[PDB]
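Participant: File name input.cif; file contents mmCIF, C-alpha atoms; full text below.
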data_protein
loop_
_atom_site.label_atom_id
_atom_site.label_comp_id
_atom_site.auth_asym_id
_atom_site.auth_seq_id
_atom_site.Cartn_x
_atom_site.Cartn_y
_atom_site.Cartn_z
CA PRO O 1 193.74 -18.88 83.86
CA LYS O 2 193.01 -15.18 83.83
CA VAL O 3 191.29 -14.09 87.03
CA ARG O 4 190.55 -10.35 87.13
CA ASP O 5 192.68 -10.21 83.93
CA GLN O 6 195.78 -11.77 85.58
CA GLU O 7 197.58 -14.94 84.51
CA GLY O 8 199.98 -14.62 87.45
CA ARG O 9 199.22 -15.30 91.10
CA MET O 10 199.97 -13.68 94.45
CA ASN O 11 200.07 -15.77 97.62
CA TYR O 12 199.45 -14.04 100.94
CA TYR O 13 201.14 -15.09 104.17
CA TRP O 14 200.93 -13.95 107.77
CA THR O 15 202.54 -14.53 111.15
CA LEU O 16 202.35 -13.15 114.68
CA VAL O 17 205.57 -11.68 115.99
CA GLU O 18 205.86 -11.86 119.77
CA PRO O 19 206.79 -8.77 121.80
CA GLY O 20 210.53 -8.27 121.64
CA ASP O 21 211.10 -10.68 118.73
CA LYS O 22 212.59 -9.81 115.33
CA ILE O 23 211.21 -10.82 111.97
CA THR O 24 213.53 -10.74 108.95
CA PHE O 25 212.66 -10.53 105.27
CA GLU O 26 215.19 -11.46 102.60
CA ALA O 27 214.49 -11.39 98.89
CA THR O 28 215.96 -11.19 95.40
CA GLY O 29 212.53 -10.66 93.87
CA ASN O 30 208.85 -11.53 94.09
CA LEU O 31 208.31 -10.09 97.60
CA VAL O 32 205.21 -8.05 98.35
CA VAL O 33 206.67 -6.43 101.42
CA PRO O 34 204.67 -5.23 104.40
CA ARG O 35 204.07 -1.51 104.66
CA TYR O 36 201.59 -1.42 107.53
CA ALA O 37 201.48 -4.14 110.22
CA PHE O 38 199.24 -4.50 113.24
CA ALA O 39 199.91 -4.44 116.97
CA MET O 40 197.03 -6.28 118.64
CA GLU O 41 195.79 -8.09 121.75
CA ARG O 42 193.59 -11.09 121.02
CA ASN O 43 190.85 -11.71 123.56
CA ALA O 44 189.42 -15.23 124.01
CA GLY O 45 187.40 -16.26 120.99
CA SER O 46 184.52 -14.75 119.07
CA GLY O 47 183.48 -15.40 115.51
CA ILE O 48 182.29 -13.98 112.24
CA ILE O 49 178.64 -13.24 111.52
CA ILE O 50 177.72 -13.13 107.83
CA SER O 51 174.45 -11.22 107.59
CA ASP O 52 172.54 -8.34 106.06
CA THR O 53 171.22 -7.46 109.49
CA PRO O 54 172.00 -3.80 110.28
CA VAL O 55 174.26 -2.78 113.13
CA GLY Z 1 142.82 -36.37 137.37
CA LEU Z 2 145.31 -38.54 139.11
CA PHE Z 3 143.59 -37.86 142.38
CA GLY Z 4 140.05 -37.67 141.15
CA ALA Z 5 139.07 -34.21 142.35
CA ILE Z 6 139.74 -31.61 139.69
CA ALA Z 7 137.52 -32.34 136.74
CA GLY Z 8 136.54 -35.25 138.89
CA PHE Z 9 134.06 -35.19 141.70
CA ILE Z 10 134.42 -31.41 141.71
CA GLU Z 11 133.28 -30.93 138.23
CA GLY Z 12 134.15 -27.32 137.40
CA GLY Z 13 136.04 -24.26 138.56
CA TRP Z 14 135.06 -20.92 140.02
CA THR Z 15 135.59 -17.73 138.08
CA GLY Z 16 134.25 -16.05 141.18
CA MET Z 17 137.09 -17.03 143.43
CA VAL Z 18 139.71 -14.63 142.16
CA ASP Z 19 141.96 -14.36 145.23
CA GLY Z 20 143.41 -17.86 145.26
CA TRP Z 21 143.84 -21.23 143.61
CA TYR Z 22 141.89 -23.27 146.04
CA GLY Z 23 139.28 -22.06 148.46
CA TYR Z 24 135.76 -22.19 149.70
CA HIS Z 25 132.24 -21.09 148.85
CA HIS Z 26 129.65 -20.82 151.58
CA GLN Z 27 125.95 -19.89 151.73
CA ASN Z 28 124.18 -19.35 155.06
CA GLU Z 29 121.51 -17.00 156.33
CA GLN Z 30 123.80 -14.06 156.60
CA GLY Z 31 125.11 -14.33 153.11
CA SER Z 32 127.15 -16.22 150.56
CA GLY Z 33 130.47 -15.81 148.77
CA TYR Z 34 133.89 -17.14 147.86
CA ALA Z 35 137.01 -17.24 149.97
CA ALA Z 36 140.39 -18.54 148.93
CA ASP Z 37 142.27 -20.84 151.25
CA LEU Z 38 145.32 -18.68 151.72
CA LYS Z 39 147.62 -21.25 153.33
CA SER Z 40 147.14 -24.06 150.83
CA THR Z 41 147.39 -21.57 147.99
CA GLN Z 42 150.60 -20.00 149.20
CA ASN Z 43 152.13 -23.39 149.73
CA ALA Z 44 151.24 -24.48 146.24
CA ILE Z 45 152.57 -21.25 144.86
CA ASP Z 46 155.80 -21.87 146.70
CA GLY Z 47 156.07 -25.29 145.17
CA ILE Z 48 155.44 -24.24 141.62
CA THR Z 49 157.67 -21.25 142.01
CA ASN Z 50 160.48 -23.38 143.12
CA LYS Z 51 159.82 -25.72 140.24
CA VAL Z 52 159.98 -23.04 137.60
CA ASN Z 53 163.21 -21.65 139.00
CA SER Z 54 164.73 -25.10 138.97
CA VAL Z 55 163.92 -25.78 135.36
CA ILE Z 56 165.27 -22.37 134.42
CA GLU Z 57 168.27 -21.85 136.72
CA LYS Z 58 169.85 -25.29 136.77
CA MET Z 59 170.98 -24.49 133.21
CA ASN Z 60 174.15 -22.53 133.51
CA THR Z 61 175.73 -22.14 130.12
CA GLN Z 62 179.14 -20.61 129.53
CA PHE Z 63 180.23 -18.04 126.95
CA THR Z 64 180.64 -19.76 123.58
CA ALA Z 65 180.64 -18.92 119.87
CA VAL Z 66 178.95 -21.75 118.05
CA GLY Z 67 180.03 -20.91 114.56
CA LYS Z 68 183.05 -22.55 113.05
CA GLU Z 69 184.62 -21.86 109.64
CA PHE Z 70 186.17 -24.51 107.40
CA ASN Z 71 187.73 -24.27 103.96
CA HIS Z 72 186.80 -26.44 100.98
CA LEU Z 73 189.44 -29.03 101.94
CA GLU Z 74 188.20 -29.34 105.53
CA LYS Z 75 184.81 -30.88 104.75
CA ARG Z 76 185.34 -33.80 107.14
CA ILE Z 77 185.84 -31.61 110.16
CA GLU Z 78 183.04 -29.36 108.94
CA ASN Z 79 180.76 -32.39 109.01
CA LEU Z 80 182.12 -33.26 112.43
CA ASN Z 81 181.32 -29.76 113.63
CA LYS Z 82 177.86 -30.15 112.18
CA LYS Z 83 177.45 -33.55 113.81
CA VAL Z 84 178.24 -31.88 117.09
CA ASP Z 85 175.71 -29.11 116.56
CA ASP Z 86 173.06 -31.52 115.28
CA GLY Z 87 173.77 -33.93 118.09
CA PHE Z 88 173.28 -31.16 120.61
CA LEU Z 89 170.20 -29.96 118.80
CA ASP Z 90 168.59 -33.36 118.91
CA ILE Z 91 169.36 -33.83 122.63
CA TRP Z 92 168.16 -30.51 123.91
CA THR Z 93 165.07 -30.70 121.83
CA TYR Z 94 164.17 -34.15 122.97
CA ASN Z 95 164.99 -33.41 126.59
CA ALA Z 96 163.21 -30.07 126.72
CA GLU Z 97 160.12 -31.49 125.07
CA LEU Z 98 159.87 -34.43 127.34
CA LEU Z 99 160.79 -32.37 130.36
CA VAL Z 100 157.95 -29.95 129.79
CA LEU Z 101 155.48 -32.70 129.08
CA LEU Z 102 156.46 -34.63 132.24
CA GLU Z 103 156.39 -31.65 134.55
CA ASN Z 104 153.18 -30.29 133.15
CA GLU Z 105 151.65 -33.59 134.05
CA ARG Z 106 153.19 -33.49 137.46
CA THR Z 107 151.93 -29.95 137.95
CA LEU Z 108 148.32 -30.71 137.15
CA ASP Z 109 148.34 -33.71 139.42
CA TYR Z 110 149.68 -31.51 142.15
CA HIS Z 111 146.76 -29.15 142.01
CA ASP Z 112 144.46 -32.14 141.87
CA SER Z 113 146.07 -33.54 144.99
CA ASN Z 114 145.75 -30.24 146.81
CA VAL Z 115 142.04 -29.95 146.21
CA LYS Z 116 141.35 -33.50 147.35
CA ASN Z 117 143.36 -32.88 150.51
CA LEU Z 118 141.43 -29.71 151.26
CA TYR Z 119 138.20 -31.57 150.76
CA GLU Z 120 139.40 -34.39 152.96
CA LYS Z 121 140.57 -31.97 155.65
CA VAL Z 122 137.10 -30.46 155.87
CA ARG Z 123 135.35 -33.80 155.80
CA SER Z 124 137.55 -34.96 158.64
CA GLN Z 125 136.51 -31.95 160.70
CA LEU Z 126 132.83 -31.99 159.89
CA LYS Z 127 132.34 -35.69 160.43
CA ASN Z 128 128.72 -36.53 161.15
CA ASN Z 129 127.68 -32.92 161.47
CA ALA Z 130 127.17 -32.57 157.72
CA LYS Z 131 126.12 -34.42 154.64
CA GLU Z 132 128.38 -34.99 151.72
CA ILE Z 133 126.19 -33.87 148.89
CA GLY Z 134 128.77 -34.51 146.16
CA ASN Z 135 130.40 -32.01 143.80
CA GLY Z 136 132.51 -30.99 146.70
CA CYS Z 137 129.78 -29.49 148.84
CA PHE Z 138 128.83 -30.35 152.38
CA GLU Z 139 125.36 -29.58 153.62
CA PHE Z 140 125.44 -28.94 157.36
CA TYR Z 141 122.95 -30.69 159.64
CA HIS Z 142 122.91 -27.60 161.89
CA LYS Z 143 122.86 -23.82 161.50
CA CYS Z 144 126.30 -22.53 160.55
CA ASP Z 145 126.71 -18.76 160.96
CA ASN Z 146 129.71 -16.78 159.77
CA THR Z 147 131.65 -17.57 162.93
CA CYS Z 148 131.06 -21.28 162.42
CA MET Z 149 132.03 -21.24 158.72
CA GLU Z 150 135.30 -19.49 159.53
CA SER Z 151 136.25 -22.04 162.12
CA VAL Z 152 135.98 -24.66 159.42
CA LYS Z 153 138.17 -22.72 157.01
CA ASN Z 154 140.68 -22.02 159.80
CA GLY Z 155 140.61 -25.66 160.96
CA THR Z 156 139.13 -25.20 164.40
CA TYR Z 157 135.58 -26.45 163.87
CA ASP Z 158 134.06 -27.58 167.18
CA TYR Z 159 132.42 -30.93 166.43
CA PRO Z 160 130.88 -31.41 169.92
CA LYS Z 161 129.30 -27.94 170.02
CA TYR Z 162 126.89 -28.75 167.20
CA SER Z 163 126.70 -32.53 167.40
CA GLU Z 164 123.42 -32.59 169.28
CA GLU Z 165 121.57 -30.21 166.97
CA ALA Z 166 122.92 -32.16 164.02
CA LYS Z 167 121.83 -35.49 165.48
CA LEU Z 168 118.32 -34.15 165.84
CA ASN Z 169 118.11 -32.93 162.26
CA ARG Z 170 119.92 -35.99 160.99
CA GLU Z 171 117.52 -38.54 162.42
CA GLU Z 172 114.61 -36.21 161.73
CA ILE Z 173 115.56 -35.93 158.03
CA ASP Z 174 116.29 -39.68 157.82
CA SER Z 175 112.70 -39.97 159.23
#
Written as C-alpha coordinates, how would this file's structure read?

Facilitator:
Amino acid sequence: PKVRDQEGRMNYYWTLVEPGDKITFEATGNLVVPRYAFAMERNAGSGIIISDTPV
Amino acid sequence: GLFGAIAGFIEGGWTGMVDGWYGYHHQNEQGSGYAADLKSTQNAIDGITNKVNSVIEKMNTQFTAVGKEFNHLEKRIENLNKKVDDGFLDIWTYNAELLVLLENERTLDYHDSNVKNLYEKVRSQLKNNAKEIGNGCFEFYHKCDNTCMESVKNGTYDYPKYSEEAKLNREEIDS
(Lines of atoms letter the chains of each structure in order from A and count residues from 1; the text may use other names and numbers.)
(Lines give C-alpha, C1' and ligand atoms only; values in the text may rest on other atoms or scores of the structure.)
Protein backbone atom coordinates (compact mmCIF):
# COMPACT_ATOMS: atom_id res chain seq x y z
CA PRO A 1 0.00 0.00 0.00
CA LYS A 2 1.24 3.45 -0.90
CA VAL A 3 2.75 5.20 2.11
CA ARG A 4 4.09 8.68 1.30
CA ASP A 5 3.40 7.71 -2.35
CA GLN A 6 5.63 4.58 -2.24
CA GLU A 7 4.58 1.00 -2.95
CA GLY A 8 8.08 -0.24 -2.12
CA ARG A 9 9.66 -0.51 1.32
CA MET A 10 13.02 0.24 2.91
CA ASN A 11 14.15 -1.65 6.00
CA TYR A 12 16.70 -0.02 8.28
CA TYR A 13 19.33 -1.98 10.19
CA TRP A 14 22.05 -1.08 12.67
CA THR A 15 24.93 -2.61 14.58
CA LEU A 16 27.72 -1.52 16.90
CA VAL A 17 31.22 -2.22 15.65
CA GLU A 18 33.74 -2.69 18.44
CA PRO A 19 37.04 -0.78 18.42
CA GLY A 20 39.45 -2.51 16.09
CA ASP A 21 36.82 -4.69 14.38
CA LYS A 22 35.95 -4.69 10.67
CA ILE A 23 32.47 -4.59 9.20
CA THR A 24 31.99 -5.73 5.60
CA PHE A 25 29.18 -4.91 3.18
CA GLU A 26 28.59 -7.01 0.08
CA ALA A 27 25.80 -6.40 -2.40
CA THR A 28 24.55 -6.94 -5.93
CA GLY A 29 21.72 -4.47 -5.41
CA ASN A 30 19.21 -3.08 -2.94
CA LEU A 31 21.80 -1.73 -0.46
CA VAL A 32 21.32 1.68 1.10
CA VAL A 33 24.94 2.04 2.10
CA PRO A 34 26.19 4.05 5.06
CA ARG A 35 27.70 7.42 4.30
CA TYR A 36 28.08 8.81 7.81
CA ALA A 37 28.48 6.53 10.86
CA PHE A 38 28.89 7.39 14.52
CA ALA A 39 31.72 6.91 16.98
CA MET A 40 30.19 6.99 20.46
CA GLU A 41 30.60 6.09 24.14
CA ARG A 42 27.40 4.93 25.82
CA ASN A 43 27.07 5.89 29.46
CA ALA A 44 24.86 3.81 31.80
CA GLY A 45 21.21 4.25 30.94
CA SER A 46 18.92 7.22 30.53
CA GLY A 47 15.69 7.44 28.59
CA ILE A 48 13.51 9.42 26.25
CA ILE A 49 11.16 12.15 27.44
CA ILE A 50 8.28 12.91 25.08
CA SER A 51 7.01 16.36 26.03
CA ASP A 52 6.19 19.87 24.91
CA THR A 53 7.99 21.22 27.95
CA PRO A 54 10.66 23.72 26.86
CA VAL A 55 14.35 23.14 27.46
CA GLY B 1 -4.77 12.72 74.68
CA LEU B 2 -3.13 9.44 75.40
CA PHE B 3 -1.77 10.85 78.61
CA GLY B 4 -4.63 13.09 79.53
CA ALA B 5 -2.87 16.43 79.79
CA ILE B 6 -2.96 18.28 76.50
CA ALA B 7 -6.56 19.07 75.71
CA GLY B 8 -7.12 17.17 78.88
CA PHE B 9 -6.80 18.53 82.36
CA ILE B 10 -4.83 21.41 80.87
CA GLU B 11 -7.55 22.60 78.67
CA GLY B 12 -5.88 25.09 76.31
CA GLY B 13 -2.57 26.46 75.12
CA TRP B 14 -0.69 29.70 75.63
CA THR B 15 -0.14 32.08 72.76
CA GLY B 16 1.81 34.10 75.28
CA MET B 17 4.54 31.57 75.79
CA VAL B 18 6.44 32.08 72.57
CA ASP B 19 9.91 30.88 73.59
CA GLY B 20 9.20 27.19 74.03
CA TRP B 21 6.84 24.25 73.69
CA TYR B 22 6.27 23.61 77.32
CA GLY B 23 6.79 25.99 80.17
CA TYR B 24 5.38 27.85 83.08
CA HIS B 25 3.19 30.81 83.97
CA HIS B 26 3.49 32.40 87.38
CA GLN B 27 1.76 35.28 89.19
CA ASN B 28 3.06 36.60 92.52
CA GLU B 29 3.33 40.01 94.13
CA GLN B 30 6.26 41.08 92.08
CA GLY B 31 4.69 40.26 88.79
CA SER B 32 3.43 37.64 86.38
CA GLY B 33 4.49 36.15 83.07
CA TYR B 34 5.39 33.13 80.96
CA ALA B 35 8.60 31.18 80.90
CA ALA B 36 9.40 28.22 78.72
CA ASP B 37 10.98 25.16 80.26
CA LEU B 38 14.14 25.15 78.21
CA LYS B 39 15.40 21.67 79.07
CA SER B 40 12.20 19.74 78.38
CA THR B 41 11.68 21.76 75.22
CA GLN B 42 15.15 21.15 73.86
CA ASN B 43 14.85 17.47 74.60
CA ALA B 44 11.56 17.24 72.79
CA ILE B 45 12.98 19.18 69.89
CA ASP B 46 15.85 16.74 69.75
CA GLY B 47 13.45 13.85 69.62
CA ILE B 48 11.27 15.22 66.88
CA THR B 49 14.26 16.36 64.93
CA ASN B 50 15.71 12.96 64.98
CA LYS B 51 12.38 11.55 63.95
CA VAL B 52 12.01 13.76 60.92
CA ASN B 53 15.53 12.98 59.75
CA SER B 54 14.85 9.29 60.09
CA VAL B 55 11.71 9.35 58.00
CA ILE B 56 13.51 11.40 55.38
CA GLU B 57 17.06 10.01 55.31
CA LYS B 58 16.47 6.29 55.67
CA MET B 59 15.24 6.44 52.07
CA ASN B 60 18.27 6.21 49.89
CA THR B 61 17.24 5.76 46.31
CA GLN B 62 19.65 5.08 43.47
CA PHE B 63 19.84 6.67 40.02
CA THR B 64 17.13 5.16 37.81
CA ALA B 65 15.14 6.00 34.69
CA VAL B 66 11.63 4.74 35.19
CA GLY B 67 10.42 4.95 31.64
CA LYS B 68 10.55 1.93 29.41
CA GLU B 69 9.63 1.74 25.71
CA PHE B 70 7.91 -1.23 24.06
CA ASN B 71 6.76 -1.78 20.50
CA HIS B 72 3.28 -2.90 19.47
CA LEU B 73 4.32 -6.57 19.66
CA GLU B 74 5.73 -6.27 23.18
CA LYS B 75 2.44 -5.55 24.96
CA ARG B 76 2.96 -8.33 27.51
CA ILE B 77 6.21 -6.96 28.80
CA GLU B 78 4.76 -3.46 28.62
CA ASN B 79 2.01 -4.63 30.95
CA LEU B 80 4.64 -6.27 33.12
CA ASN B 81 6.53 -2.99 33.27
CA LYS B 82 3.31 -1.27 34.18
CA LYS B 83 2.54 -3.88 36.83
CA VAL B 84 5.90 -3.10 38.32
CA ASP B 85 5.29 0.63 38.34
CA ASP B 86 1.74 0.24 39.64
CA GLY B 87 2.86 -2.25 42.23
CA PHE B 88 5.47 0.19 43.48
CA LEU B 89 2.97 3.00 43.36
CA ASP B 90 0.49 1.15 45.49
CA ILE B 91 3.14 0.16 48.07
CA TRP B 92 4.76 3.52 48.56
CA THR B 93 1.44 5.22 48.72
CA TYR B 94 0.04 2.87 51.27
CA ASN B 95 3.21 2.86 53.34
CA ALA B 96 3.74 6.61 53.26
CA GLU B 97 0.14 7.29 54.17
CA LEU B 98 0.09 4.93 57.05
CA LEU B 99 3.54 5.97 58.15
CA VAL B 100 2.56 9.59 58.43
CA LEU B 101 -0.68 8.79 60.18
CA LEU B 102 1.06 6.53 62.73
CA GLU B 103 3.88 8.90 63.50
CA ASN B 104 1.65 11.92 63.72
CA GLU B 105 -0.23 10.06 66.37
CA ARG B 106 2.95 9.12 68.11
CA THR B 107 4.12 12.71 67.95
CA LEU B 108 1.06 14.20 69.56
CA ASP B 109 1.14 11.64 72.33
CA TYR B 110 4.73 12.56 72.92
CA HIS B 111 3.95 16.17 73.60
CA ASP B 112 1.08 15.05 75.77
CA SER B 113 3.42 12.85 77.76
CA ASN B 114 5.91 15.66 78.19
CA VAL B 115 3.40 18.05 79.66
CA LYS B 116 2.07 15.50 82.12
CA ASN B 117 5.61 14.72 83.24
CA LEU B 118 6.38 18.39 83.77
CA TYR B 119 3.23 18.74 85.79
CA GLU B 120 4.08 15.65 87.79
CA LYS B 121 7.64 16.85 88.38
CA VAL B 122 6.35 20.07 89.91
CA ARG B 123 3.70 18.34 91.96
CA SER B 124 6.34 16.01 93.34
CA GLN B 125 8.41 18.99 94.44
CA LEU B 126 5.63 21.10 95.84
CA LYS B 127 3.96 18.33 97.80
CA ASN B 128 1.83 19.70 100.60
CA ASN B 129 3.07 23.23 100.17
CA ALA B 130 0.50 23.97 97.47
CA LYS B 131 -2.98 23.18 96.32
CA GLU B 132 -3.74 21.54 93.05
CA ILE B 133 -6.38 23.83 91.70
CA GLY B 134 -6.86 21.94 88.42
CA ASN B 135 -6.22 23.15 84.87
CA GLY B 136 -2.59 22.65 85.58
CA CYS B 137 -2.19 25.35 88.19
CA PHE B 138 -0.89 25.05 91.72
CA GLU B 139 -1.86 27.62 94.29
CA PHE B 140 0.89 27.94 96.89
CA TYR B 141 0.03 27.84 100.59
CA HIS B 142 2.87 30.30 101.27
CA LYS B 143 4.33 33.43 99.70
CA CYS B 144 6.42 32.56 96.65
CA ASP B 145 8.68 35.39 95.45
CA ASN B 146 10.66 35.34 92.22
CA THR B 147 13.51 33.44 93.85
CA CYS B 148 11.11 30.77 95.06
CA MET B 149 9.34 30.40 91.68
CA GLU B 150 12.67 29.92 89.92
CA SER B 151 13.74 27.18 92.27
CA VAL B 152 10.63 25.31 91.24
CA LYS B 153 11.31 25.73 87.54
CA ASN B 154 14.96 24.75 88.06
CA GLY B 155 13.99 21.77 90.24
CA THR B 156 15.50 22.85 93.52
CA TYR B 157 12.42 23.89 95.48
CA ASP B 158 13.10 23.70 99.23
CA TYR B 159 10.07 21.94 100.70
CA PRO B 160 11.15 22.28 104.37
CA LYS B 161 11.85 26.02 104.12
CA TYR B 162 8.19 26.86 103.55
CA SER B 163 6.46 23.87 105.11
CA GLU B 164 5.64 25.62 108.36
CA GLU B 165 4.12 28.72 106.78
CA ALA B 166 2.14 26.48 104.46
CA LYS B 167 0.88 24.32 107.31
CA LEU B 168 -0.42 27.41 109.05
CA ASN B 169 -2.28 28.68 106.00
CA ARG B 170 -3.40 25.19 105.09
CA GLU B 171 -5.13 24.42 108.37
CA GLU B 172 -6.27 28.03 108.63
CA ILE B 173 -7.94 27.86 105.19
CA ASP B 174 -9.36 24.39 105.92
CA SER B 175 -10.78 26.15 109.06

Participant: Which residues match the PyMOL selection byres ((chain O) within 8 of (chain Z)) in the file above, as number ranges by chain?

Facilitator: O: 45-48

Participant: As an exercise, work out the distance from CA of residue 40 in chain Z to CA of residue 106 in chain Z in Å and give it to one decimal place.

Facilitator: 17.4 Å

Participant: Kindly indicate which residue among O:30, O:49, O:38, O:44 lies nearest to residue 10 in chain O, using all atoms listed in the file for the distances.

Facilitator: O:30

Participant: Select, from Z:23, Z:47, Z:12, Z:87, the residue with the minimum atom-to-atom distance to residue 115 in chain Z, counting all atoms listed in the file.

Facilitator: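 Among Z:23, Z:47, Z:12, Z:87, it is Z:23 that comes nearest to residue 115 in chain Z.
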
Participant: At what distance in Å, to one decimal, does CA of residue 150 in chain Z lie from CA of residue 48 in chain Z?

Facilitator: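 Between CA of residue 48 in chain Z and CA of residue 150 in chain Z the gap is 27.4 Å.
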
Participant: Could you write out as a list in words the residues that the PyMOL selection byres ((chain Z and resi 166) around 10) matches in the shown file?

Facilitator: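 What the PyMOL selection byres ((chain Z and resi 166) around 10) grabs from the file is residues 128, 129, 130, 140, 141, 142, 143, 159, 160, 161, 162, 163, 164, 165, 167, 168, 169, 170, 171 and 172 of chain Z.
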
Participant: Just to confirm, what's the straight-line distance from CA of residue 19 in chain Z to CA of residue 102 in chain Z in Å (one decimal)?

Facilitator: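 That distance, rounded to one decimal, is 28.1 Å.
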
Participant: Run the PyMOL selection byres ((chain Z and resi 109) around 12) mentally over the shown coordinates, then write out the matched residues as an MDAnalysis selection string, using the chain letters and numbers from the document.

Facilitator: chainID Z and resid 1:8 44 102:108 110:116

Participant: If you count all atoms listed in the file, which residues fall within 12 Å of residue 37 in chain O, apart from same-chain ones fewer than 4 positions away, as a ChimeraX atom specification?

Facilitator: /O:14-17,23,33

Participant: Show me, as a ChimeraX atom specification, the residues that have an atom within 12 Å of range 1-9 of chain O when counting all atoms listed in the file, minus same-chain residues fewer than 2 positions from it.

Facilitator: /O:11-12,30,32

Participant: Write out as a ChimeraX atom specification the residues lying within 12 Å of residue 32 in chain Z, counting only C-alpha atoms and excluding same-chain residues fewer than 2 positions away.

Facilitator: /Z:16,24-30,34-35,144-146,149
